[PDB]
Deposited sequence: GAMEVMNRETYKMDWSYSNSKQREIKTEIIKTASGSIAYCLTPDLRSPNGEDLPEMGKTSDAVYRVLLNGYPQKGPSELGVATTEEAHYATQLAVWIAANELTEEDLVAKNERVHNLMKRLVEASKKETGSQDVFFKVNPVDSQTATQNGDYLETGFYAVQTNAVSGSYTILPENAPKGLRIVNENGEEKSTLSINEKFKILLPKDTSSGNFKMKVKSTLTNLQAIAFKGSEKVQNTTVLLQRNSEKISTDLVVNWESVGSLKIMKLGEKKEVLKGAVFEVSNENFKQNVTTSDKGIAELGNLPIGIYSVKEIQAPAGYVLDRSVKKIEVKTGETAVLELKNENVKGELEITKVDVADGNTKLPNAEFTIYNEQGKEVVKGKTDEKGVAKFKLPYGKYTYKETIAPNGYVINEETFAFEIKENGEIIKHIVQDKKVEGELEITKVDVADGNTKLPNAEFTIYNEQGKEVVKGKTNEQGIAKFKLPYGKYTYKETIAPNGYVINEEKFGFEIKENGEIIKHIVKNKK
């Protein structure tokens, strides 16, 4: 920059060593800003292009931050711009080790007061031209749930810059990432005085990513310019931009939920012992249901899980159909399942022991459970069948009313409903009531005298003939007949007249022998 000069009147300080008044001028650049001189021994420039050589010391820098024209005369504690300027130049020379305080003799106490203040500030304050840049916090951060999002805390840019901005550059980050400031405003490029926070949708699988903070900072700096060495070096306080980038900042998170399986029967009741296979890619586990019908799994990575019954409870139907359920971040997905009771049937067919093809109706069977309580009764139909729909478990049954004309069956049978829809078919046999008629034929005069050749004929309740038989020897004629009411009469005489009385009898007990005596005449 080309530099330009302007003189003024002042109560100059005197140097005892140099034996002269210490003077200066106001030096101004082409743009208009005020430059200061770095030594009182060489003259200031007039209309010469001066090249940059670097920076002054931080001590000299601190004088310019605190002095004129950064601050005006009233703020600094002096009366005029000339007094403000002169005290600043003197403090610049003292901080640069070109003059010492004890060598100078002041002629203006306002000027002397300000010079002391600016020199004390160069020694005590800590402002520096080294550009400082840091992102807090420095350690890798973990995002935790807050309603709809997983979120970190706030990050902040610590710097000695006067102004600047920065941009967040995430590497391979998840979908739906948002970056916000403290007012909740969505931004990727922010001012250095703003803080930022990371949001991720809660439904994001566990993971991590790296990000970088890139910034453009503006620092004040006391730039030095190189005189010809017959002409002084100068300084100008200027704003200078500077690019900075952080090291990789890591963000990580963990996304899990739970699954609760509730097991029910046909009516809303708790069910123990149901075993389910909970699975997906990366996971498999068989869980069994508890006292309260509940099976639970925690810490499941979020996503779709398959649920499949592998083993049913005691006396319940197995259902191998697959169920699909989503585990979401922070939440317990509930799966409520009903189960069907195992049901089957007993089919009793009632027949005659002598003939398997003869079916017997109206025979009653009673059914008992494991403990022996009566569960149900039922009679055989027109084809000798009795049907009983029953639930799971072990049972017994007995004949409790015999069919008409049969001896009751005394045995106890057993069966079990194991499998669903099973039909157990049983055959029960029955002994028919059969008996004998024995007619001893004697003469009406002589008792204990035989009569062969006497034929008797036996008729049923309706009156139709059944059997004929002559008297064998000793007057005896045997006839084996089934249950029922009958009548009988003499057909053929043994040289005797026929006894034409119509006798009657009933066979009603098995193995029974009915002994009758008929007598003949002439």
Item to check | Stretches with no C-alpha position, numbering per deposited sequence from 1 | outcome: 1 to 3, 498
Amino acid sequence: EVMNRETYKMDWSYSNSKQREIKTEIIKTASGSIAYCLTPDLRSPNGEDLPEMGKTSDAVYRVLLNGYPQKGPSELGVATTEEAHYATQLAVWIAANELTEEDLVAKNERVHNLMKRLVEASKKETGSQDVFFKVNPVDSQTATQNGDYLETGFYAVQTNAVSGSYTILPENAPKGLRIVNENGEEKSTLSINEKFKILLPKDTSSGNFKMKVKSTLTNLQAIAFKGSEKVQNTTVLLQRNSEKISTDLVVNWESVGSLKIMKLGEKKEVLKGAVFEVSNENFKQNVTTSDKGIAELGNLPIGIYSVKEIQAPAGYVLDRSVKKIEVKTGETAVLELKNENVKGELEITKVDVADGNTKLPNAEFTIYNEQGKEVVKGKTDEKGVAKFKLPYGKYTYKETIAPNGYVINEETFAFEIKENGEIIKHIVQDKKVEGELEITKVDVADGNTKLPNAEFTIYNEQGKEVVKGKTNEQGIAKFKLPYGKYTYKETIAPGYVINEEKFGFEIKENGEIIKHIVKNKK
From here on, numbers count along this sequence of modelled residues.
Item to check | Mean temperature factor over C-alpha atoms, higher-scoring stretch between 387 to 395 and 259 to 267 | outcome: 259 to 267
Checklist entry - When the C-alpha temperature factors are averaged for each of 113 to 121 and 219 to 227, which stretch ends up with the higher value in the entry? => result 219 to 227
Item to check | Residue, from 466, 59, 64, 34, that the PDB entry assigns the highest Cα B-factor | outcome: 466
Next on the checklist: Could you place residue 69 in the lowest, middle or highest third of its chain by Cα temperature factor, using the values in the record?
Outcome noted: lowest
Checklist outcome for this item: The third of the chain into which the C-alpha temperature factor of residue 428 falls is the middle
Checklist outcome for this item: Quick tally, chain-level thirds of C-alpha B-factors: residue 180 sits in the lowest
Checklist entry - Compared with the other modelled residues in the chain, in which third is the CA B-factor of residue 244? => result middle
Checklist entry - If you rank every modelled residue in this chain by C-alpha B factor, which third holds residue 153: lowest, middle or highest? => result lowest
